[PDB]
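Here the structure comes first, spelled out in structure tokens, and everything after it is commentary.
Where a number appears in this text, it was derived from the coordinates with a stated rule and is not lab data. Cβ sites come from the backbone with ideal geometry, for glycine too, and all protein chains shown count toward neighbours.
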Amino acid sequence: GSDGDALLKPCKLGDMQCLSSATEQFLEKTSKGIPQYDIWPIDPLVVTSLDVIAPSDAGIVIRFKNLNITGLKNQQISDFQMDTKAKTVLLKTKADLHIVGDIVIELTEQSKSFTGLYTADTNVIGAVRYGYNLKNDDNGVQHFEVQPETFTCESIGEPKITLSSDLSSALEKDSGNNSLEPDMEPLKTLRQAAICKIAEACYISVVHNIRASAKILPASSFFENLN
Ligand SMILES: COC(=O)/C=C(\C)CC/C=C(\C)CC[C@H]1OC1(C)C
């Protein structure tokens, strides 16, 4: 990652150009993850495993493994709302996410299981709501209180699903589509629950990074003035 000449800087409130630029840059640096700042990587982002249930029949269970998600550290903030009167910050991010890893299709109703490769590429637009407060740490420095954020999926643009020739063929042949339909289920979840779930997993990493960082730097570090 050829990005180490910057990580975080003071921005003005209401400036979607400064704030957004900060989240993009900071995320870009932490994208590699560094144990020196208690920051985990998120680009590329590998998932040792990712289970997801399908409401289609409450029996289809898709368990992904070693999922490679790239194209997030360079995301773009779609919207953001900062309220001091309520100390709340709701901002949504959108960017082309590329997932590449394993996928296990365990049918509880059909009493079967499958394993293959899963490759998806599409834009993921999700909204996150988290509170923000200002309190002096145990040293006397006004730190930044990062409340528990909340994931809120919005859209996924054009979900481009791409399963291995063995898996994709095993599904289309198991359902009778012969072309594995996108909205035929469990495929429906492979583009909805899959994308959404993945986004959440990554959101936890990015959030944690900022949390630990706020412990090393004050609030002013993020905004030129928050009081
Ligand atoms: C999802 O993106 C962010 O949280 C980052 C933004 C809006 C730009 C940089 C500013 C912060 C991380 C400060 C937000 C506030 O939650 C604290 C306490 C970190």
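Just a few scattered comments:
- Any hit, the range 90-98, residues being farther than 30 Å from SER220 by Cα and either out of contact with any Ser or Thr (no Cβ under 6 Å at 6 or more places or on another chain) or within 16 Å of the ligand (Cβ to nearest atom) (or both): yes
- Selection from the range 185-211 of residues that are aliphatic (A, V, I, L, M), in contact with an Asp or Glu (Cβ under 9 Å, 6 or more places away or on another chain) and more than 10 Å from the ligand (Cβ to nearest atom): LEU187, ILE204
- If only residues of the range 213-227 that are away from the ligand (no atom under 11 Å from the Cβ) and farther than 13 Å from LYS9 by Cα are counted, the one that is surrounded by the most Cβ atoms within 10 Å (Cβ to Cβ) is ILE216.
- All conditions but one from (1) more than 23 Å from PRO218 (Cβ to Cβ); (2) assigned to a loop (DSSP other than H, G, I, E, B) apply to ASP138; the one that does not is (1).
- Meets criteria (on the phi < 0 side of the Ramachandran plot, away from the ligand (no atom under 16 Å from the Cβ) and out of contact with any strand residue (DSSP E or B) (no Cβ under 7 Å at 6 or more places or on another chain)) for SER111: no
- Qualifying residue in the range 129-140 (condition: under 18 Å from the mean Cα position of the chain (by Cα) and over 30 Å from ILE105 (Cα atoms)): yes
- Residue pairs meeting the criteria (Cβ under 8 Å; at least 6 apart or on separate chains; first more than 22 Å from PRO218 (Cβ to Cβ) and free of Cβ contacts under 8 Å to residues at least 40 places away in the same chain, in the range 1-20; second charged (D, E, K, R) and in a helix (DSSP H, G or I)): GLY1/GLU28; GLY1/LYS29; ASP3/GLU28; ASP3/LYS29
- Scanning the range 179-227 for residues that are over 22 Å from the mean Cα position of the chain (by Cα) and part of a helix (DSSP H, G or I) yields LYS215, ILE216.
- Looking only at the range 162-184, and only at residues there that are within 24 Å of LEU97 (Cβ to Cβ), of a type in the set (S, T, N, Q) and touching a helix residue (DSSP H, G or I) at 6+ places or on another chain (Cβ under 8 Å), the one that is surrounded by the most Cβ atoms within 10 Å (Cβ to Cβ): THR162
- Number of positions in the range 31-52 that are farther than 25 Å from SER21 by Cα and either buried (at least 17 other Cβ atoms within 10 Å of the Cβ) or small (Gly, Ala, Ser) (or both): 4
- Selection status of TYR130, crowded, with 19+ Cβ neighbours inside 10 Å, assigned to a strand (DSSP E or B) and either within 13 Å of the ligand (Cβ to nearest atom) or not β-branched (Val, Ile, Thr) (or both): no
- Of the residues in the range 149-159, not one is surrounded by 19 or more Cβ atoms within 10 Å (Cβ to Cβ) and in contact (Cβ under 8 Å) with a residue 60 or more places away in the chain.
- Applying a threshold of 7 Å to beta carbon distances and a minimum spacing of six or more residues, or different chains, the list of pairs starting in the range 212-227 at a residue that is in contact (Cβ under 8 Å) with a residue 24 or more places away in the chain and ending at one that is of a type in the set (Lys, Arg) and loosely packed, with under 14 Cβ neighbours inside 10 Å reads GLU224/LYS12.
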